[PDB]
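Following: one structure in structure tokens, then a few remarks.
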Amino acid sequence: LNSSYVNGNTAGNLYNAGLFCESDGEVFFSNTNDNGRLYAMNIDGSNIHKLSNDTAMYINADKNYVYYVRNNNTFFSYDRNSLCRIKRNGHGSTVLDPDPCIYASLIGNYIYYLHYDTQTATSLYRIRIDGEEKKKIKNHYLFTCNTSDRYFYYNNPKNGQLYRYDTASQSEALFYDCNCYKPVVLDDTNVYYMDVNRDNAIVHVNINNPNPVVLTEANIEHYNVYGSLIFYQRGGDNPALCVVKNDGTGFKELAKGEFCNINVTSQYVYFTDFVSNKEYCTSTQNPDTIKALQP
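Mind the numbering: the sequence shown is residues 30 to 102, 109 to 330 in the deposited numbering, read in order.
Below, the structure is given as structure tokens:
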């Protein structure tokens, strides 16, 4: 068992289908050139090799294992999915929860996830990393994608505010007064969210010295963050994947079209064309030229 509050993935990856997971110098990922199957590579895109024939999403990792949701037969609705585990070396594949689920997120020794009660009714579950102690935590789902140490953060379903759940005490409380969607808290001084009151424009704030800054135009669909750069999809009449620094500077349009599933690693930021399902990437530190993952 884990001895600290390890987090299975980073920033907004799990909101963006958890297609890439960087951990201790490797990246585990869903390979769009091979039916979304689980692969591994070194952080710079080399040494690419198949880990499992399972199609994988919501990929998480700790020092010993990779945890993932597989589709047994889109990432954000009901399908015949199962929660699984494999050793990082490729051995020891096993199923932890065979029942449909999405949004698996590792916090310490527990995976918190969305469980389907029916095709439309959902709840929050957790399970220990060895498959013991499966338990329904709430009758309504709370977002578990954004984690830091023992906490996960979410828009409160009743009131829209940014709340924090402490997995150690198994309690929750208000974290920041806003009306938010897919919040990404990196630390108490770096809060990001789509602001429901401003048509999902992205806002950045430090909760200690709150001076909320709006960083984008209205009508944002997806975003992610690495370092001080925010990568986002702008919708509407002239859709584009864009980047901007967290002080409003350095805006750049990176690709024209409708993209999604923005996943960040220290080397690259990956994104998929919503219609063609083709995948692309760009440098995380100096985003500019776009590489294609196909073939």
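By construction, the Cβ of each residue, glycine as well, lies at the ideal position given by its N, Cα and C atoms.
On the DSSP letters alone, give me the boundaries of the beta strand (DSSP E) that residue i sits inside.
i, result
"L149", "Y145 to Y151"
"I121", "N116 to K122"
"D308", "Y303 to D308"
"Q268", "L264 to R269"
"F210", "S206 to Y211"
"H257", "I255 to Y261"
"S318", "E314 to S318"
Looking at the strands, I want to know which residues DSSP matches up with residue i.
i, result
"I137", "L149"
"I237", "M229"
"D201", "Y186 and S206"
"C277", "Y267 and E288"
"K173", "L159"
Here's the rule I'm using: 16 or more other beta-carbon atoms within 10 Å means buried, otherwise exposed. How should residue i be labelled?
i, result
"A69", "buried"
"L276", "buried"
"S206", "exposed"
"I325", "exposed"
"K217", "buried"
"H257", "buried"
"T129", "exposed"
"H239", "buried"
"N62", "exposed"
"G41", "buried"
"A327", "exposed"
"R115", "exposed"
"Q268", "buried"
"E288", "exposed"
"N181", "buried"
"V248", "exposed"
"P133", "exposed"
"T109", "exposed"
Would DSSP call residue i helix, strand or coil?
i, result
"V35", "coil"
"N232", "helix"
"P218", "strand"
"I325", "coil"
"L289", "strand"
"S158", "strand"
"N296", "strand"
"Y113", "coil"
"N100", "strand"
"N42", "coil"
"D132", "strand"
"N181", "strand"
"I142", "strand"
Of all Cβ atoms in chain D, is any one closer than 8 Å to the Cβ of residue i?
i, result
"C136", "Although the question refers to chain D, the structure presented lacks it and comprises just one protein chain."
Review point. Can you give, in chain order, each stretch of the beta strand (DSSP E) that sits fully within the region 49-91 and has at least 3 residues?
Key: 49-52, 55-60, 66-71 and 78-90
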